[PDB]
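Enquirer: Below is a structure I'd like to ask you about.
Every read-out reported here was derived from the displayed coordinates using simple, explicitly stated rules and does not represent laboratory data. Because the Cβ atoms are built from the backbone with ideal geometry, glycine has one as well, and the counts that use them run over all protein chains shown.
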Amino acid sequence: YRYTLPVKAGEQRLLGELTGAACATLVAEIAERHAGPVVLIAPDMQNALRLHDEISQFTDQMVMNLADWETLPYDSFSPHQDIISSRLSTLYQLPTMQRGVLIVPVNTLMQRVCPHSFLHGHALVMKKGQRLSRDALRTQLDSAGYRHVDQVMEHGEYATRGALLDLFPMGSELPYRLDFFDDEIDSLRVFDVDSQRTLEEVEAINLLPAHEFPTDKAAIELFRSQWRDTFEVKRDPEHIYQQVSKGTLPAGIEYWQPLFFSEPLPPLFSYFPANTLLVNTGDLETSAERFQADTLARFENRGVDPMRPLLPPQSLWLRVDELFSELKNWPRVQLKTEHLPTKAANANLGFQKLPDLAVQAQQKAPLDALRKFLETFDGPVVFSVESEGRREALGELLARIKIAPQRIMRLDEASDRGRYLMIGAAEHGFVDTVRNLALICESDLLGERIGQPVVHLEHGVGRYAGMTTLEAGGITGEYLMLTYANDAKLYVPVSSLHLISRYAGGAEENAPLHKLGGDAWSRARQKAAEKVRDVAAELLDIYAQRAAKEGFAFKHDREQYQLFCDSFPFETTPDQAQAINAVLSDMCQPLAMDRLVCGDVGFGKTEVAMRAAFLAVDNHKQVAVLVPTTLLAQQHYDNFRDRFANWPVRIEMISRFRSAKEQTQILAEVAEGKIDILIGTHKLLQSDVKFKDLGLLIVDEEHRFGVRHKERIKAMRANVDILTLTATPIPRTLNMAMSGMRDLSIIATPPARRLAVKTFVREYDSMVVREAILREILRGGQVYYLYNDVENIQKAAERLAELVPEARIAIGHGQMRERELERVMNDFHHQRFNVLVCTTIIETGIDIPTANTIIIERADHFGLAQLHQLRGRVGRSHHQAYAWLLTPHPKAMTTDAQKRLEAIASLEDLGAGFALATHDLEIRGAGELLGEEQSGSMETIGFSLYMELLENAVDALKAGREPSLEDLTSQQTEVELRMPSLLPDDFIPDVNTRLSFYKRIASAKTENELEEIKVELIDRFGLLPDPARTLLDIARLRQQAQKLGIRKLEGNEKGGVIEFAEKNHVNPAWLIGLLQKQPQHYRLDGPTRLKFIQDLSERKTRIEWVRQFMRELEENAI
DNA sequence: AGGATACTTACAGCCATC
DNA sequence: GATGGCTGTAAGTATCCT
């Protein structure tokens, strides 16, 4: 209490001296101190996006928010089905709600409603409890706007089997199976279609109006009449209005739906109950005014297309004048974080500033800063948790100060200096005086940041069996089961794992066996040494000769760079920042240019090198590429001169239009040298390609041709250098030379449009293809289709256009006029033809934004570079993405098809191992003699050892002690404590999950590694009990002791022994000190080892001793 | 052991420019 | 009025090819 709120309309009980989520959860409380529901401003999306969970921490009640359109005013990108399902779900609960809250930003409120006319266009939620017809239902669905298919994935379609028919609901993300029985229906079930399983049995079904707008024949004809009432157009058939007057659907057409009726729909102030109330933040007025400014900017500057009516934004949407004038109807919460003038409306709530929270790892007790503050104030610390692992970590590092809060879920009651905790997710916090405490965590302190063969060093080559629980010699054992010689049964220490690798070879015989230790399996080391001789000598001459290659000085003037680079409208993934900064450091480095990269022809992963175009200015030198086509060539050209426009930018190219007149211009530019760039052609290279001042070059995909052109560009480097890559290189044998010949910047952004990618394969059929079409054509999507470009491609087109009598498939014929294909590319820019396809080497180069799908037609007549090139030319941003394939029957198709099918199964994502996917395929493409002698060996013995001999060869090349140490006879420190302790099967049955955990574990060596894996496993899989925590403390003592190099431990409460490091940082002062202090718990075995004795009853006692004494030893014994 | 088949310069016709 | 020129067929070639 002691604080009030407005109770009439236009009553601004304004608020000052405020805070972040503090005042947010405050107004949550005032939601408790309020009649019904309320709403608020959002200055932007991300703010409330965080803030949802921020208050959800400290609030019993509920709140959600709409989804923003995510398009832009007079853009062309179109919104999603899912956001709009969220929006309806958010709005039509208004007339249903009594308490709880919703939210919205300053922007989507100005957008005018597609109102309850939709809702009032019922139906709505229903059940099976009726003598109910489904023909009638589907009639109400075309009233709603769903349709028929054989299989459906999104809203707007459905499919029957027999007579039972199924669909996708909107308000629920689930798919549903619908359970028809002759009006004697009994059940109704949730279903997932990548599951192909019926899942969760429901009471009811939200049969809301099932589109963005329900649009039937008359609705359509009056949209048509409506445009005709506004303005008039031509009879040209690929006008968007004319097109949809043909009963059709492009993407951004939604943008005219708000002009469906004269009666406008100002914001949703119209809808709420009288009690509901408003909120300020930042500047609604200025945000809105600049919103207007940019919308109308976009209007006039983009008000240029003839086939696209740009429209009166005041007619479309609304303005601040009438917006504040309506919301006069209700009062608000006027909030800003500051002390203010004196007015009875004002609050000036008693919040103050947190202190500075610098804690530098360099120091001794930089931690204490808080602690020294603690005694000086009554403030409890019931503060944020972000996770269960965060609870664990933060508690243990609160034992670094000898405090341990008892997590209190409630908010303000806690004691003066009450030490408790709860969940949080914010960053910035403050101080209070009305409640004399703070709201902080480490954020403000420091912020953040299977049917398997297998190969194994010590004992050979084997295969999967699982894992052998057991009672070890007085303690538990849980070991791995490996299968080799004579049913070699191997129970294996899981702690081993790091010393084992995958099958790492080809399926023929590359895990033959091992029998008796000292044998060929250890001459694995011999051949590691011979690789370390020959190919390391190759590397030696390489980085002797390829390394130096000096260059020039390249002073930055960053200001003009990022003047020119602010325009990048993919607000970057910072890994891209790693990429640019490393490569420009190589640039600014006056030495050899080299950096190897792999990504996608997928946009984003294609253009960042063009930032070096800026670097190709100040030097005032030349660059180029061989775009193997002309199509991508002018694509590049266009986006360059757009991005790179208003300053001395001058390029022409080479095309397939290369007349003698073109060629004269080529002379003109290349012998001018002023001109910036050239862009290649199939017949570019051995032409005497002319340069005066050549900075550098980039290029990709020499695949089916020889490296003829690679050595020939080796001829094209007169006192100058290169900087190239490929998106889909070969086996990295040459690129692993580049791990030694050319460093790598293979960052290529996984994130920033990680979107749905639906890629499958099915048999030859008209109707299934047609189904794919009827998925993509609904906004003018796209697939692509193939042919030999030899036989009757036109009749392919004929059949296709025939099966789709309604659409416009174009002439996708390769080897016709560059003129004609250029027109075709214009239609790709425009899509006069809503559809077109593309086939072979001289056709297929790049992925398009507006496209969404592709299909394959002869993966029975296919090939190697076919796969590995089609993999690059697929992409889409911020919508669903798709693909399918065609097959004849695998009865007909051969091994090769099945190799590619194994590939297909191995297509899931660009996750951690897309490259590993390509690699196992290239084991399926087993014919490498790249590492010629090395190939058979590393296959037989494992590319594990390839990496091993790589590192040893490299480090000992620079150290010159090359042939063999390997730590192969010994590379691991050892430990035991007599702990019945291991991974529990409580959480998971799958053992390959456990293998994964052992992967991250035995691989891990660092505090961040282990704590991060801890947080992962605990939050995903709850507070898993003690023993694996003991395994992790074992991992940490391994971290310390093997950074030190200790040899062995065996432990127990009977005592134990240690083979201490014979080679560490010793200084025996502590040894004679503990002699004088303790002979029992320190009885040194000779000068040699160290037997010890403890009555440490509980394993907690054991580890506590172990921890404190490793710390003691860190201070002393080293 | 090539070999079906995918990139390229030259030969040469028919009619376009002056 | 005469070339020539600009496309098309095809030989040499050198990439698709399992």
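Enquirer: Could you give the alpha-carbon Rg of the stretch A:869-996 over 2.2 N^0.38 Å, rounded to two decimals?
Expert: Cα-based Rg divided by the globular estimate yields 1.57.
Enquirer: First select every other residue whose beta carbon is under 14 angstrom from the beta carbon of A:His339; then total the charges, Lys and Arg +1, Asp and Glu -1.
Expert: After counting each charged neighbour, the total is +1.
Enquirer: Using packing as a proxy for protection, rank A:688-699, A:348-359 so that the peptide with the highest average count of other Cβ atoms within 10 Å comes first.
Expert: So the peptides A:688-699, A:348-359, ranked by packing, come out A:688-699, A:348-359.
Enquirer: What is the distance, in nm, between label points placed 7 Å from the Cα along the Cα-to-Cβ direction at A:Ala488 and at A:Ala365?
Expert: Each label point is offset 7 Å from its Cα along the Cβ direction, giving 5.8 nm.
Enquirer: Measure of size requested: the Rg and Dmax of the stretch A:565-672, with Cα atoms as the atom set and Å as the unit; please supply both.
Expert: 15.4, 46
Enquirer: May I ask you to order A:964-975, A:479-490 by the average number of other C-beta atoms within 10 Å around their residues, highest value first?
Expert: Order by mean packing, descending: A:479-490, A:964-975.
Enquirer: With the crude spin-label approximation of a point 7 Å out along Cα→Cβ, what separation in nm comes out for A:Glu820 versus A:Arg463?
Expert: Going by the 7 Å Cα→Cβ label model, 5.5 nm.
Enquirer: Once both labels are modelled 7 Å past Cα along the beta-carbon direction, what's the A:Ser315-A:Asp216 spacing in nm?
Expert: 2.7
Enquirer: Between the stretch A:892-944 and the stretch A:422-492, how far is it from one alpha carbon centroid to the other, in angstrom?
Expert: 29
Enquirer: Add +1 for every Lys or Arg and -1 for every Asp or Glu among the other residues with Cβ under 13 Å from the Cβ of A:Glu326, and state the total.
Expert: Numbers: positive: A:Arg112, A:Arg319, A:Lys328, A:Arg332; negative: A:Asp321, A:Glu322.
In short, +2.
Enquirer: Could you calculate the FRET efficiency of A:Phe760 with A:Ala582 from 1/(1 + (r/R0)^6), where r is the beta carbon distance between them and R0 is 41 Å, rounded to 0.05?
Expert: Numbers: r = 38 Å, r/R0 = 0.92.
Calculated transfer efficiency: 0.60.
Enquirer: A follow-up question, please. Determine the calculated [θ] at 222 nm for chain A from helices alone, applying -39500 (n - 2.57) to every DSSP H run no shorter than 4 residues and normalising by the residue count; nearest 500 deg cm²/dmol. Before the final figure, lay out each step's value.
Expert: Values: 35 runs with 388 residues, N = 1118.
Helix-only estimate at 222 nm: -10500 deg cm²/dmol.
Enquirer: Let me ask something else about it. Binning at 10 Å from 0, report for the stretch A:122-206 what percent of all alpha-carbon pair distances ends up in each bin.
Expert: For the stretch A:122-206, the pair-distance distribution reads 17, 57, 26, 0.
Enquirer: At a Förster distance of 60 Å, what's the computed FRET efficiency of A:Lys958 paired with A:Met45, Cβ-Cβ distance as r, to 0.05?
Expert: So the FRET efficiency works out to roughly 0.75.
Enquirer: Report the normalised scattering of the stretch A:943-1006 as log10 I(q)/I(0) at q = 0.16, 0.21 Å⁻¹, calculated by the Debye formula with identical scatterers on the alpha carbons.
Expert: Treating every Cα as an identical point scatterer, log10 I(q)/I(0) equals -0.80, -1.01.
Enquirer: Between Rg and the Kirkwood Rh of the stretch A:352-449, both from Cα atoms, what is the Rg to Rh ratio?
Expert: Here Rg/Rh amounts to 0.92.
Enquirer: Quick one: work out Rg over Rh on the C-alpha atoms of chain A, Rh as Kirkwood radius.
Expert: On the way: Rg = 34.5 Å, Rh = 35.3 Å.
Using Cα coordinates only, the ratio equals 0.98.
Enquirer: Continuing with the same structure: Which three semi-axes in whole Å describe the equivalent ellipsoid of the stretch A:647-777, each the square root of 5 times a Cα gyration tensor eigenvalue, listed largest first?
Expert: Result for the stretch A:647-777: semi-axes of 36, 24, 17 Å.
Enquirer: Based on the mean of other beta carbon atoms within 10 Å per residue, what is the order of A:762-769, A:456-463, A:824-831, A:551-558, most packed first?
Expert: Result, highest mean first: A:456-463, A:824-831, A:762-769, A:551-558.
Enquirer: With Cβ to Cβ distances under 14 Å as the rule, what net charge do the other residues near A:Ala28 carry (K, R +1; D, E -1)?
Expert: -3
Enquirer: Using 1/(1 + (r/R0)^6) with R0 = 30 angstrom and r between the beta carbons of A:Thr894 and A:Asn992, what's the FRET efficiency to the nearest 0.05?
Expert: E(calc), rounded to 0.05, equals 0.45.
Enquirer: Post the alpha-carbon centroid distance, the stretch A:633-674 to the stretch A:822-837, in whole angstrom.
Expert: One Cα centre to the other: 23 Å.
Enquirer: What are the GluC sites (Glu not before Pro) within the stretch A:175-250 that DSSP puts in a loop, where the Cβ has at most 10 other Cβ atoms within 10 Å?
Expert: A:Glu184, A:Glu203, A:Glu232
Enquirer: Then there's this: Whole number please: convex hull volume per residue of the Cα set in the stretch A:714-854, in Å³?
Expert: Normalising the Cα hull of the stretch A:714-854 by residue number yields 199 Å³.
Enquirer: Any number yet on Rg/Rh for the stretch A:484-577, C-alpha, Kirkwood?
Expert: With Rg and the Kirkwood Rh in hand, the quotient comes to 1.26.
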